[PDB]
Amino acid sequence: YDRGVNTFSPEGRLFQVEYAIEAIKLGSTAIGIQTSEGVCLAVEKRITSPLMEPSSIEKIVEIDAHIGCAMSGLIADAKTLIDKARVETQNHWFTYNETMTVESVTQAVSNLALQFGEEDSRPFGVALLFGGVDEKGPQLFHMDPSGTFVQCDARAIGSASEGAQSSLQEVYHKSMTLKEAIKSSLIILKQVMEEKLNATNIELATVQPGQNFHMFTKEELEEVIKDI
Amino acid sequence: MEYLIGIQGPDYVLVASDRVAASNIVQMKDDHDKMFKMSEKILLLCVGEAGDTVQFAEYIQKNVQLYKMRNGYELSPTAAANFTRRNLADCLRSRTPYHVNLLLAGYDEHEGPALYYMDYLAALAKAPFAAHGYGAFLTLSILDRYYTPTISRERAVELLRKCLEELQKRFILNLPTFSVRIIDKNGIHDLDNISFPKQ
Amino acid sequence: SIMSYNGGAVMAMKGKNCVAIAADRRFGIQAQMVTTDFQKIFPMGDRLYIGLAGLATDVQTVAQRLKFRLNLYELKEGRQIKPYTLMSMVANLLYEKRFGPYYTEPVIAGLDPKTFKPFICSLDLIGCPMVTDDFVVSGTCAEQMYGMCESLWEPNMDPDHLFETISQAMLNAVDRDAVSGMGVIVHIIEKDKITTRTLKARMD
Amino acid sequence: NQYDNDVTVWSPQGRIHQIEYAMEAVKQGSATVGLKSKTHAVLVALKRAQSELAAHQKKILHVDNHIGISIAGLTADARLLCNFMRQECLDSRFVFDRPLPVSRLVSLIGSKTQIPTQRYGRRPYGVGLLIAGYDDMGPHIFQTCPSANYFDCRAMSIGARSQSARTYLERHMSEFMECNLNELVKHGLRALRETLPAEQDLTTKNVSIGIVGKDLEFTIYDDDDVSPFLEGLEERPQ
Amino acid sequence: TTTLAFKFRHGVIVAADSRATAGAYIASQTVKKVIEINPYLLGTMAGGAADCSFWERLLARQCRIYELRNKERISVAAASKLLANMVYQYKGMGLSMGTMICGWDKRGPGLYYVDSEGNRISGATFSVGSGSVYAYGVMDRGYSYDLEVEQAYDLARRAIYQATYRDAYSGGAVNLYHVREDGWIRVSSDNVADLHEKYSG
Amino acid sequence: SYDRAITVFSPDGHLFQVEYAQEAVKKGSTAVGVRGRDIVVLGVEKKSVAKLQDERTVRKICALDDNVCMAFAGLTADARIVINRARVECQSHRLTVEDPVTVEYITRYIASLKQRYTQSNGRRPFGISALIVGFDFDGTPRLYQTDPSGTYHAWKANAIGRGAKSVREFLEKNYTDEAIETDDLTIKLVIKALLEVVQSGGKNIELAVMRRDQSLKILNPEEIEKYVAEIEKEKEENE
Amino acid sequence: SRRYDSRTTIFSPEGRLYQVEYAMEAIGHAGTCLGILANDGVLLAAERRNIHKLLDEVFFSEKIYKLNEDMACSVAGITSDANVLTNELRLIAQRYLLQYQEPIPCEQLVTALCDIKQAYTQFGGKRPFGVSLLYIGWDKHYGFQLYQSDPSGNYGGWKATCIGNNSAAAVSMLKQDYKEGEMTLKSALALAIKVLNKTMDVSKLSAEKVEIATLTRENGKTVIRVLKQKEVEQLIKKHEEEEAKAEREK
Amino acid sequence: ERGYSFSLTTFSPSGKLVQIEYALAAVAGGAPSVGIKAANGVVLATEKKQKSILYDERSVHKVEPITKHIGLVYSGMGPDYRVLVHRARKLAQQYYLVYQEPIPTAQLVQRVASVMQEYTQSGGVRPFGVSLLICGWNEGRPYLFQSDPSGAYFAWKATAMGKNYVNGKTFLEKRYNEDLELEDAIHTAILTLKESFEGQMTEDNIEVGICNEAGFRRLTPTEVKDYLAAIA
Amino acid sequence: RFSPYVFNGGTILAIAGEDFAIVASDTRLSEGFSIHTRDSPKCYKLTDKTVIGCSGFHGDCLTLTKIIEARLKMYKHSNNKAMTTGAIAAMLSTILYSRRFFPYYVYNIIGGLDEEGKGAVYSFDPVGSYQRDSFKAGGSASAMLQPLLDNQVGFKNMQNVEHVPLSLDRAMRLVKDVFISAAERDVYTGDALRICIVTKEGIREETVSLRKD
C-alpha cells in the first residue's frame, strides 16, 4: 500500500496528483464571475458552531490592492501560497514601478505548484480563483494543484462544483452587468448549500475599474438578501 | 565624551547620567536617556560608538528577559555582568569589533547592592565607585576625597551635588541636565532630574 | 605596547619543600588606576595555583577556558591533575590561537599531588614552556625582578626566610616600576596548609 | 509487476517499463502537426477546452526569434523545459552574440532529460516537443520523446490519434518542397482534420499556427488572424 | 542640501530645497528631495542621493507587506527601527544616509531621525544637511508648540530661504509638505527668486 | 539527512498523520477558557496529584510574555519545544519593532511552525493543541486556538482534552452575556463548566485569570473552595 | 532504498506512539534503583546486576556518575547508551559555567537533556534512547531535589522514586512508610535497607550486591559521599537486629 | 552516497536489540583466547592455527601493541580487528600531543568503546563482530579490560573469550586464585589454552604477549618453545 | 598597478519634445591622447519607442547594453508585452545599484515616448539615482551644453520672452548648432553626429559631419 510519489500510472497518468484533485471535493464551494463591468465573487463559510467567531474564517484574501483571491481545500496549505503571491507582486513594483498583471501573478504562483520532491514534499491541496482588474480590463483565472492554469469567464469550484457549473451555463451570457451577476450568483448559492442564507453564511468581494478595491463590509450583505 | 557616575552605598546604588545626544558641533537632542531597565533590580547605561550603544543594550536586554521568562526568576547581578563580558570578548576578535564602555548597577536579594566596570576590551572590575567619559578625570578626586563606606543616601545626593558643580566650572562642554536613579530593596526608583538653570 | 596597556607582575619562587607565588593588585588603563582588588592568581586544585599577567582581557579569558578544560579532566579521571599535565594543557591552549594570540604570560606553581615535590614554570604568549629550579617571573617590570632573585635566592630555605625573600623581591622591584603597584598579595603554600598574606606597600 | 516500479530496475526482458509508461502520457495530449518546405517551416496545433466557459489551453509558444516549439503531455514538464529552453538561447546570444543553431540546442535537451531517466527517485519528463527553427542552413523539424531520442524528421505528428495524421503525410510528402506558404499551411491543416470526429473541424477556437521563415520572425496566430487561412477548404467526404 | 522637520499641535511640517550638486558643478535644480513613501509616511534625503533613494524604497516594501499580513498600517517607530537595522549591516563600508521619518501614528505625531552611523533618536525639531546649521537658529527663535497653520508655513518657508542664502550648496526651490492625522498633504512649492522679492520689503 | 516523506495522501483524499495525531490531543486532560470584556479566565482540569509529591514542575499554564498566556493538551514533551521556541520569537520581535507582541502575531508563528513541521520529510507532527489568550494594546481581550494541522482559529470559549465536545455542548446552551457581566460570575461560570468535567471535587481544578493590566494570577486553593461553596449555594435554589 | 526503512517515527493506528513503548519496557528489566530525600541530605540506592567473583571492581565508582560538584545521577537501561548521555550532560553543565561563572541549577540541566532525548523521537528515524535515570542535587533556590527521567523526554519532581520493575512493588511500600520532613539520615537509610530487603529477591541482602551513595551539604562544599563496604554491613546487621526485635510481638 | 543515514538496528517488541545479539554469536564462534592479571603484569594468550602447512606465521600477528605499555588481543573476525586497531593507534596520539604523557589504560576503553557504541547507533552500518582484551601496567598496578560489540566494557581478574569460553571460565575459577606471579600466570594460561586446542601445540600454534612495569613486551617463538617444557 | 578604469569620452544629448524625443551623440572613441576610431555611435534602439545613450568607460558600456537586451526578452516571455519607458528606467536603477561597491563608470540617458505619446527623458548617475527632465546633456562636454539649453529651451533669465513650445524643426537646428560650438572647445567631440528621432511612427536616424581635428 506504499508506492512512489513520483511514479507514472500503468495507464499512464500519475499517482498522487490525481488524488490531489479529489482533496478539493471535501472543501466548501465558491463562485466567481467575470463581467465586463467588474469581477464579483462569492463563497460559503460553513459555520460549525455558534461559539465560533465568524470573521476569523476567511476565504477572500487580498493579494494586491486590485487583485483578490478565493480558496477551497486545505486551509494552511493555501496560506503558504497567499504569502508568496503577496511578496512577488511587491518584488515587481519595487523593481519596475508598475503593477503586476493578473495573469502574470499566477505564473509565479504555479511555478512551485509542482516542485515537490526530496532534494532541491507532497503536492498542495487547494484550488484557487484569482480575480482582478488590469490594463486588459477585469480578468478571472483558475488554477489547480496540478499547475494547469487557465482563464475562465465564470468558474465555480468546491464540493458542489458540478451542479454549480451546470446551472451557471444556463444563466450566463457575455453582456451581463454587475449587480445582475451578483444576485444571480447567490441564487446558485442557496440552491447548492443546505443552511438558510443569512448575514453569516456567505461573503462577497467585488472589484471594479472605478471602485478600484474590493469592499464588502457587512449589512450591505443584508441589503442584497432583502432584495432577493 | 559624555559622563556617567557610579556612587555605591551600603544598601543602595546611586547612578546618574546625562541627557545630551551630541552631533557634529550642535546639540540635537537634550533629553536623551542612556538607561536600560534590564530587570526589576538591574540597570544598564551605555557609552561608546554611536551605532553600537543601542543594539548591544537591546541584545543584552532580551537574553536576560529570556532567563526570567523560561526559568521563572531573575538573574543575579553577578551572573548578569559576566554574561555581558562574554559577548564582548567573543566577538572582539572578529571582523565586526565592538566599542562600548559600560558597567552594571544591580541589587541582589542575598548579596545586596553591587557595582561593576567594563572597558571596550571587556574587562570586569568590582568597584565601590566608577565613572566614564572625560569627566572622570575631574571627578574621581572629589569622590575619593569625600567618601565613606558607611555613607547615607542623603549625603550621597549632596556628594553628587559636589561632583556636579565641578563639571560646569572647568569644562569645554555644555552638559546642562542630569538624570538620576536609585536602586534599593524595593527596586528601581526615579529621583528628580538634576539640572542647572541658564538665566 | 599591548602588554604595557594594564601592566602587572607575577613572581614565583621555589623553596626547600614549599613554594611561594606573589602578584600585585593594581588595575589601570595606561595612567589611570581603577581599583586595587584585581585578582591575578587563581587556584587550580589544592596545593597548585596559577598566575596571569598582561592584557586584562586575556587574563580573565584564559583563566576561564583553562577552568573549563580542567573540570572535564578531573571528572573523566578520578585523580587530580599533575603539574606537568597542566603545563602541557596551557601550552596547547595558547598554541591554538597561533596567529590571533592571547596577550598573557602564565606562571604555574604547585606541589606534587603525591609528595612534597614543588614545581615552577612559565610560558610565552604562544606557548613555549620553560621549567627552572629557583624562580620564574612575568610582567612588564621583568628586569627589576631578575635583579632581585639573582641576588637574594638561596637553594635550601625554610618557609620563613622564603617569605622574607620574595617579599623584599617584590617591594623593591614593583616600586621601581611605574604602572604596577598598589599592594602585593603573597601566597605561600606547603604540604599541610596554605598561607595567604597581604603586604604593606607604597600606595602612590 | 514488481520490477515495474522504479526507473533503475531493468526488466528480465530488458525493457524499462517506466519509460514505456511515459510514452503513454504523450498519447493523451491533443494532436499537432509540423512540417517544412525548402524555405519555410510551419507547425499547426489543435487546442482543447476543459468546459464551454473555460478558454482553450494554448499549445504553441514562442522561444526565440526563429525557434518556437509545440507541446504534448504534461504542463509542469512543459514549463520546466521551457525555462531551460529560453535560458540557453539568450546565453549564446550573450556570449557569442549569435543565435543558436537548432540542431545542437536539441542535443542539450537530450543531455538534460538523461539524468532523471537513470538516477533513483526521479521521473522522466512526460513531454512531446516538436521543434521548428532556422540555423544557417534552412528549416528543421525535430521531435523528442521521454526516452530522449531526438529525430531529424520532415513531417511528424504526436498526441491522440496521430496514427491517421501520419498516413496523410507520406502520400503528399513530395508536394511539401515546391509549394509556398498559402498552400503549405493548408496542406498541414488537412492532416489535422482526420484526427477528429466527423462533426467538428476547426471553428476559430481550437487551432493555432506558428510560422518561421527567411524574412520572417517566428509568429503565432490564434483564432482571429487564423481566419484568413481557414478559407478555401473542401469539406470531409463520406 | 538643507531639510528640516518639526511637529506641533497640528501635525508635522517638512520642508527642503531642491539643488543637487557635483563638486563645484550643479547637476540640477529640480530634485525632489522629500521621498514620498506612503499616503501616511514621508522620508527625506541627505548626502548620498542613490543611497537614500534605494533604502527608503526598500523600506516601503516591508511596510506594504506588513499591512497585508496584519491588516493594519505600520507605526512610525516601527519603520524607523527597520531602517536602522538594514543600514547597520553595511557599517563602515561608506554609506551616506542621514534621513528623517515622518508620519501620523496611533500615539499621535511621529518624528524620528536615522543616520548611516546607527543613530536613531526621536525629538521635536530637526534639521539635516550641509546648510542645516543655518536652519537651526532661525527656526528655534520662531518655534513654539502652539502655532497656527498659516504661522507654521511661513516659519518653515523663510527658514529654508535663510539657509540657501548663506549656503552655497543649498538653493533651488522650496518644497513644503504638511503631515496631518488623515495623511500628508502637499502645501506649495515656491521659488527662492520669488521669495527674495517677498522678504526684501 | 533523512530524505523520506512521512505524510502523504490517501486514496479517499485525506492525510493519514494529521487526523491520526488528533487522537493524542483527545487523550489529554481538559482545559477550558472563556473571555469577558475586562478579565479573561482559563482553567485546567484533572490535576491527579500523587498526594505526596511535587507540583510546581507539572505546570500546564505558562506564559510567553507579560501579555500572553498558555494552555495546551496532548503529550507533555512536544509542548516544551513549542513553548521555548515561542518565548524566543516573541522576545526577538521586541528586538525588532518595539511594540509588545500582539496575540494574533504569535499564533501565526506557532501555526506556521507546526505546518512546515508536517510538510517536510522525516518529521513526525506535533501532538498538541494550544490555547492562546491575551489582552493586547487598546485592551481588547481575545483568545485563539491551534491544531496539529496548524490552523490558528479565534473563539470566544474553548474546550479541549478528553471530553471536549461535552463541555462545548455545555457552553452551547450557555451563550448568556449576563455571565460575562460580573467577573466572579464568569469565574463561577468556568467552575460550573469544569464541574461538568471529571470528578471535580474542588481539588483537581487549577484556574488562573488575567485582569488585562497584570500578569497571570493563579487563585489560591481557598477561593476554589469559596467559589465551589457559592456554586453549591446557587445550585440549592433549584426548588 | 525504501523497503529497508524501519519507520520509527509514525504514530500507531490506535493514535499513540509505537516505538517508545517498546523502549520503556527495557528499563524495567536489568536494573533497580531509587532515591529518597525529606530533609538535609539525599540518598541513592544501587544494585549489582552482575556480581560475578572474577571482576576487578577497580573503578572504585559505579552507576553513580558524579557529573558536577553538586550533582550526580543513577542510570538504568542500555549500559553504553548512558556513556553518550553522561559525557554530553557533563559538558552542558560545564558550558553553562563558562557562560555565567555560576553553578548550574538542577532544574534546567534536566531540561537540556530532555530536549536531546526528544529530538531523536521527533524526526529522523534514529533509534531512541533506551535510558531512564535519576537526579540528585543542591541549588541556591530549593536545596535538595530529585528528578525522574524518561526516554520520551518527560521528567518531573519527586521525593521518593523507582526505576526497576521489581521496584514497582516498592512504590506500594513507599506510599506506606513515608513521612513529611523527618529525614534523620539513619531513618532514611534504614528505610532504604528495608525496601531492598523485600524487593530484591536475593536473600539476606549481601553487602556486595548493593551500593549506597549520599549527598550532604557542608558549609560550602556539598560533600558527595560514596560510603564504603564496611558500614554497609553494620547497617545490614542493624536491620537484621530490628527484624528480630519487631517479631517479638508475634 | 545519498544521505539515507537511517539506523538498521531498532528495538524488538520484546525490548531488545537483535543485531547486537547476532553479532555476539559471531564472537563466540571465534578463536579462543585468555587473559590473566596476576599481581605484577598481565599475560595474554591466543590460539593461532594455520589451516594449512603453506601459511606463513611471521606475517599475521595477534598480540598487537598500541603503546610501549599497552597491548591488545581479540576474539572475533580478522578484518574488522584491523580497523579499530588503526583507530586506537591514532587515538592514543592525540592524548600524547595534548598532554605530553602516555595515555592510561582506562582512558582508551572510555574512548574506544565510545567509537564502538556510536558506530552501532549510526545509520546504514552493521556493528562490529570483535570482542577485545586490553592490558597495561600504568602507575604500578596493571589493568585488564574487556570490551564487546555491544559497546560495553568490564574489568576482569581473569577471563576467556572465543570457543568453549564457558569451559575455560570454570577452569580459571578453580585453578586461578587471588595472587600469582608472571611466570605462574603463563603456565595456567597455556593450561586453559591446552583445554580446547588441537593435538600438537608448538611455537606456532599459540602466541603470547605480556605486560611488565618495564613495559609491554611480545614473546618470540624461541622462548615460547622454551616455556613449552612442562606443558599446560 | 592594474587600474581597472579609463576615460573614453563622448557626449550625449536628449530633448523631450511634446510628441517626440531626439537623442544625439558623437562618434569619436578616444583614449589618452590618441584616436581609436571615428565611427562609434552611442545610440541604441532598445524598443520601437526607447533609445538609450551610454558614455564613460566603454568596456562597461558594452556590458551594460547586453544586460538590458536580455532582460527585455525576459520581460516579454514572462508578461506577453513590452516594457514602457518608465519601467526600463526603474529597472536600470536596480541594476546600477547592484554593483554598489564596484560601480560602473557610465553616464546614462534614456529618452523616448511615454504611454501617452509625449517625450520623456530620464537622466542617471553611475550609482543609480534618476529623475525625469525635459532635457539633459551627459558626457565630457556636458558643462558646455546645459546652460545654453536653459536659455533656449528653458527660456530662463530673459525678460518679456514668451513661452512657445519647441517645435520639431526648431529643435533640429538647436541640436545641430550646439555640437558645432562643442567641437570647437572640447577635444573629445568628434566628427559624425548621429541623431535619432523617436516619433509615434518609428525611429529616424540622421548623421551630420563636424570638424575632423
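Letters A, B, C, D, E, F, G, H and I name the chains as they come in the text, with residue numbers starting at 1 for each one.
The definition used in the following text is that a residue touches a chain if its C-beta (ideal position, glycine included) is under 8 Å from a C-beta of that chain, and two chains touch if they have at least 3 such contacts.
Listed by chain with UniProt protein names: A = Proteasome subunit alpha type-5; B = Proteasome subunit beta type-2; C = Proteasome subunit beta type-3; D = Proteasome subunit alpha type-1; E = Proteasome subunit beta type-5; F = Proteasome subunit alpha type-7; G = Proteasome subunit alpha type-4; H = Proteasome subunit alpha type-2; I = Proteasome subunit beta type-1.
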*Select the chain whose centre, defined as the mean of its C-alpha atoms, is least distant from the mean of all protein C-alpha atoms.*
F
*Where are there more C-beta contacts: C-H or A-F?*
A-F
*Inter-centroid spacing, subunit I versus subunit G (mean Cα positions, whole Å)*: 83
*Could you grab the centroid distance between subunit D and subunit E? Build each centroid from C-alpha atoms only and quote it in angstrom.*
60
_Centroid spacing, where centroids are CA-atom means, of subunit F and subunit I in whole angstrom_ = 67
*Provide the C-alpha centroid distance between subunit B and subunit E, rounded to the nearest whole angstrom.*
34
*Of all the residues in subunit I, which ones touch at least 2 other chains?*
none
_Touching at least two other chains at once: which residues of subunit E meet that condition?_
69
_Contacts with two or more other chains, residues of subunit F listed in rising order_ = 2-4
*subunit F-touching residues of subunit B, taken from the complex the two chains share*: 58-59, 62, 65-66, 69-70
*asked:* Show me the residue ranges of subunit A that touch subunit D in the complex, using the header's touch definition.
replied: 3-4, 6-13, 111, 113-114, 117-118, 142, 146-155, 165, 168-169, 172
_Under the stated contact criterion, what part of subunit D meets subunit A in this complex?_
4-6, 18, 21-25, 27-28, 50-55, 57, 75-76, 79, 121-123, 126
*asked:* Give the list of subunit I residues in touch with subunit A in this complex.
replied: 78-80, 83-84, 86-87, 90-91, 94
*Where on subunit B does subunit C make contact in their complex?*
85, 89, 92-93, 117, 119, 121-127, 130, 136-137
